[PDB]
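# A look at the structure
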Amino acid sequence: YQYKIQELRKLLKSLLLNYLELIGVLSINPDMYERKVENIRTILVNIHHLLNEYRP
Amino acid sequence: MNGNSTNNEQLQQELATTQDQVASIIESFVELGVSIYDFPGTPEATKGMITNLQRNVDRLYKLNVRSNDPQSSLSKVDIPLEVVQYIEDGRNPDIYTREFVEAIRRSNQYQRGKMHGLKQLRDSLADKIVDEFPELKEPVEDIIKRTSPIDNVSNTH
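Cut-offs used in this document
- Residues numbered from 1 in each chain as written, not as in the entry; some residues may be left out.
- Chains lettered and ligands numbered in written order.
- Part of a larger assembly, values for the part shown.
- Heavy atoms only, no water.
- Helix = DSSP H or I, 4+ residues; strand = E, 2+ residues; numbered from the N terminus.
- Buried < 20%, exposed > 50% of the residue type's maximum accessible area, 1.4 Å probe, protein only.
- Contact = heavy atoms within 4.5 Å.
- Areas by Shrake-Rupley, 256 points an atom, 1.4 Å probe, with all protein chains shown as cover.
- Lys, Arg positive; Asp, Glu negative; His and termini not counted.
- Charge placed at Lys NZ, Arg CZ, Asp CG, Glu CD.
- Buried area = accessible area lost by both parts, 1.4 Å probe.
- Salt bridge = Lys/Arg side-chain N within 4 Å of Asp/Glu carboxyl O.
- Polar contact = N/O pair within 3.5 Å; in protein donor to acceptor, adjacent residues only side chain to side chain.
- Nonpolar A, V, L, I, M, F, W, Y, C, P; charged D, E, K, R; others polar.

Its PDB header names cryo-EM as the technique used to obtain the model and reports a resolution of 3.6 Å.

Going by the annotation in the PDB entry, the name recorded for chain B is Mediator of RNA polymerase II transcription subunit 10, with Saccharomyces cerevisiae given as the source organism. This structure appears in the PDB under the title "Yeast RNA polymerase II transcription pre-initiation complex with core Mediator and the +1 nucleosome".

The name given to chain A in the PDB entry is Mediator of RNA polymerase II transcription subunit 7, with the source organism recorded as Saccharomyces cerevisiae.

Pasting the structure below:
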């Protein structure tokens with residue numbers, strides 16, 4: 001599970017960076033955020049599924 | 001732009017001639033109204049107020065045919081219901097332009113304040129992240145330069 005732990009670490013760093021990118025998108029053009037919210041959704045569901053994979 | 005300019009000039013001439021025709025109608029109305037109030041009872045006054053009605057009707061002819069002729073920019077005039085019901089309240093219609101452009105400016109300034117606030121949140125977040133995370137400073141600066149592109153629709157005011 002070391003691989004999955006490092007994957008979770010990269011996932012949380014990507015989540016923080018993508019929230020910063022979402023703020024940047026909304027602070028130049030508040031219309032292109034729709035795919036960024038989808039990216040945040042994919043990051044969140046991958047994080048949660050990684051946690052539930054670690055759950056057993 | 002030349003077509004728009006000559007359209008605006010012809011529109012101004014049309015507005016002026018509609019205004020003077022309407023002024024003539026209103027003057028005829030006050031004339032026949034004071035003729036009714038100061039009626040001498042004579043058949044000549046009867047014919048006079050008939051004549052007043054006749055000029056009013058033919059003025060209505062001339063400004064109805066100018067409301068339907070092909071060479072008309074009056075169809076190109078855009079009029080909402082708020083200005084005409086605004087006039088029916090007896091209250092000044094240039095306030096509608098004044099309050100309307102003030103709403104434009106108020107919304108623009110609200111959006112600009114939100115714009116600058118989002119910028120402050122973004123760069124405060126960025127500086128704080130690169131303080132906490134030195135390994136993430138290159139992706140943060142890449143995001144900053146990506147999410148602050150070169151201004152080509154912002155240099156003009």
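What follows concerns the overall build of chain B. Scanning chain B for helices and strands turns up five helices and zero strands. In sequence order, the secondary structure elements of chain B are arranged as α-α-α-α-α. Each principal axis of the C-alpha atoms in chain B carries an extent, and together these give about 105 × 35 × 20 Å. Relative to its full complement of 157 residues, chain B shows a buried share of 17%. Considering only contacts in chain B between residues 6 or more positions apart, those separated by 24 or more positions represent 56%. For chain B, the accessible area works out to roughly 12,300 Å², and carbon and sulfur atoms hold 56% of it. Where the 18 positive side-chain charges of chain B centre and where its 25 negative ones centre are 2 Å apart.

Let's shift gears to the interface of chain A and chain B. At the interface, twelve residues of chain A touch 16 residues of chain B. Three residues stand out in chain A for area buried against chain B, namely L17, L20 and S27 of chain A, and they jointly supply 38% of the buried area on that side. Remark: the boundary between chain A and chain B carries two salt bridges. For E21 of chain A, the salt bridge is made with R146 of chain B, and the minimal N-O distance between the two is 2.9 Å. The tally of links between chain A and chain B comes to two residue pairs in polar contact. Split by residue class, the side of chain A that touches chain B holds eight nonpolar, two polar and two charged.

All chains considered together, the criterion is met by seven salt bridges over all chains. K145 of chain B is the salt-bridge partner of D142 of chain B, the closest N and O atoms lying 3.7 Å from each other. Placement of both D142 of chain B and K145 of chain B in helix 5 (residues 137–147) is noted, with a separation of three residues, approximately one turn of the helix. Under the relative-accessibility criterion, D142 of chain B is labelled partly exposed at 22%. Connected through shared salt-bridge partners, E21 and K36 of chain A together with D142, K145 and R146 of chain B make up one network.

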